[PDB]
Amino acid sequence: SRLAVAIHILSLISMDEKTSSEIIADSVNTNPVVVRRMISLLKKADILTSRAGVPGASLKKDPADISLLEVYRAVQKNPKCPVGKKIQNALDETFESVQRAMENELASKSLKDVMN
C-alpha cells in the first residue's frame, strides 16, 4: 500500500528538519523515486507545501488536521447473461457500502493519531 509509505514520509516530515527526499527514502528504506513521486502527489493534494531553496518540504497543516482518508485519496490509484449483470449491480453497490466503511475509518484517524 502507498498509504503506509505516504504515512512514514509524512511522519518524518512532521519533525520538520529540512529533510531531503533522499534521506527520507533512506530513513524509510524505500526507493527515492517512489518517495519523490509520493511527495509530488501529497503536495498536489496540497498536503505538503514546499519552499524551494530548501530540501524536502513540510506539512501545510497540523498533523491533527490530516486524516488518513485525506492521505489515501492523494495517493489513491464479464458477464453476458442478463441475470449475471443484475447480480453484478447488486455486488457493485455492496462493494460501495464496504468501500464507504473502509473510507469512514480512514477519516476517523489522524496523522497525529498514529504518531505516538
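Numbers follow the displayed sequence, beginning with 1.
Per the record, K77 and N78 are separated by a gap of 10 or more residues from the deposited sequence that were not modelled.
The question of which stretch, 68-76 or 49-57, has the higher mean Cα B factor is settled in favour of 49-57. The entry lists a Cα temperature factor for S97 that places it in the highest third of the chain's modelled residues. The deposited CA B-factor of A90 belongs to the middle third of values across its chain.
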